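Take a look at this single chain, the form deposited in one PDB entry, given in C-alpha cells.
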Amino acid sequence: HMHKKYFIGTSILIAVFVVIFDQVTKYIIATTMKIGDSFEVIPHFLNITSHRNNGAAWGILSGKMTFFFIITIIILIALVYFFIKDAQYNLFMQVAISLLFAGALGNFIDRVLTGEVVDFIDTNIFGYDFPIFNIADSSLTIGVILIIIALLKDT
C-alpha cells in the first residue's frame, strides 16, 4: 500500500532484473553454441536457435549501427522524460516504460560492444518466419502491449 509520485524503487529493479536476464541468456547462448546450432526446449514449438542480428533485413545501408545508435539514445532519453512528465502516480505506466527502457538498453549493449544482437528464441507459436528474438525484444513487446492497453483508456 504505497502511493508515490515516482515508483523509482520498483521501476529500476524491474529494469535491472530484465537487463540481467537478457544479458545472461544472450551470453549463455554465445558461449555454449555455434551460429546455426539449435536445441529443443518444448518439442515442435520452442527451440533455442543461435542467431546474430545486424539489421540485414533492411538491405544495403551505409552505416546503420550509427543510426540505430542515435535512434536508441534519443528514445532512451524520451522514455525517462516521459516517465517524469506524464507517468506520475501511475505505477502501471511506469512499469511499462521500464519494460520499454530495459528492452531497449539490453539490445543497446549488444550493438555497442559487438555491433550485433544475440537472438536465440525460435518458436512457431506466432506462425513461422517470425524472426529469432531475445528477452530484450520480449520486454519491449510487452511494454508496448501495456501502453496500448494504457492507450485504450478514454475509449
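Rigid core (definition): largest C-alpha set, two forms, superposition within 1.5 Å. The first residue of the shown sequence is 1; numbering continues from there.
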- Message: Can you tell me whether 86-94 has a higher mean C-alpha B factor than 108-116 in this record, or the other way round?
- Response: 86-94
- Query: Which is higher in the entry, the mean Cα B factor of 1-9 or that of 145-153?
  - Reply: 145-153
- Go through 128, 101, 68, 58 one by one and give the residue whose Cα B-factor in the PDB entry is largest. 128
- Query: Reading the B-factor column of the entry, which of 28, 35, 41, 121 has the highest value at its C-alpha atom?
  - Reply: 41
- Message: Based on the deposited C-alpha B factors for this chain, I'd like to know if residue 62 is in the lowest, middle or highest third.
- Response: highest
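The next section is about a form of this same protein that is not shown, the form deposited in another entry.
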- Message: Given a cut-off of 2 Å on Cα movement between this form and the one not shown, rigid core as reference, pick the single residue from 35, 70, 113, 60 that exceeds or meets it.
- Response: 60
- Rigid core fitted, is the C-alpha displacement of residue 45 between this form and the one not shown 2 Å or more? no
- Is the C-alpha displacement of residue 89 equal to or greater than 2 Å between this form and the one not shown once the rigid core has been superposed? no
- Message: Between the shown chain and the other structure, the Cα gap of residue 36 to residue 56 differs by 3 Å or more. Is it closer or farther in that other deposited form?
- Response: farther
- Query: Are residue 107 and residue 56 closer or farther apart at the Cα level in that other deposited form than shown, by 3 Å or more?
  - Reply: closer
